[PDB]
Structure formats: structure tokens, C-alpha cells
Amino acid sequence: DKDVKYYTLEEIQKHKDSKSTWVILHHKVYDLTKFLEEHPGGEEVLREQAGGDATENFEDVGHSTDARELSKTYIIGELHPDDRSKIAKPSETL
């Protein structure tokens, strides 16, 4: 609790539409369900999130007076590094 938690890959891949939004950056999972209603966009608005790769364009526009990044308070925890990176456990030797 409080600090980042370890979410699973099946739990983050279960929120299709419902109402909130689980955007992922690199490891932290964002639950921006309040941004989905605070930023009239539709479903995917945080950095597009659909077919990108790098993270150069973090935000697009729609704040001006707000220069600080919003991706920090609208988070819940991180994803399980096991399915995130690659736990290819070798046979049993170096």
C-alpha cells in the first residue's frame, strides 16, 4: 500500500473499457480515471497509447498554466517485473 505496489499482467489486461483507464508508461501503472473525465478526450489520451515505442512526447497539450507533469498523482502501483521484463529462468546452471 502507499508506495508503489506490484500489479499483475492479467489484472492490467482486464480493464478494457469499464470507466477508468490503466495507462502504463514503463513500469508504473497509471489509473487516470479522474483524467478521463477531467480531460474530455475519449478513451486513450495519455501519450496516445496504441502503437508507439519511445517516450519523447510524454504530454501533448491542454494545460498551458500547468507546466508540471500530471503523470505522478494519478498512479496506483507498478506492474509485476516478472511478466514485464523477461523471467526466462534458464535450465539450472550458469
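Chain A is numbered as in Swiss-Prot; shown residues: 6-99, in order.
We read in the header that solution NMR was used to get this structure.
Note that Cβ sites are derived from N, Cα and C of the backbone, with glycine treated the same way.
Here Swiss-Prot flags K7 (among others) as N6-acetyllysine. Sequence-distant neighbours of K7 (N6-acetyllysine) (same chain, 6+ apart, CB under 8 A from its CB) do not exist here.
Marked as domain 'Cytochrome b5 heme-binding' by Swiss-Prot on the basis of sequence analysis: 9-85.
Positions annotated as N6-acetyllysine by Swiss-Prot: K10 (among others). Taking the Cβ of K10 (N6-acetyllysine) as reference, residues of its chain lying under 8 Å away and at least six apart in sequence are, in sequence order, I81, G82, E83.
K19 (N6-acetyllysine) counts 10 other C-beta atoms within 10 Å of its own C-beta, drawing on all protein chains shown. Under DSSP, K19 (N6-acetyllysine) is assigned to coil, being neither helix nor strand in the three-state scheme. Here Swiss-Prot flags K19 (among others) as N6-acetyllysine, drawing on similarity to another entry.
The feature heme binding site is assigned by Swiss-Prot to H44, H68. In sequence order, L75 constitute the residues six or more apart from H68 (heme binding site) in its chain with CB-CB distances below 8 Å. Secondary structure at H68 (heme binding site), as computed by DSSP, is coil.
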Protein Cβ atoms within 10 Å of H44 (heme binding site), excluding its own: 14
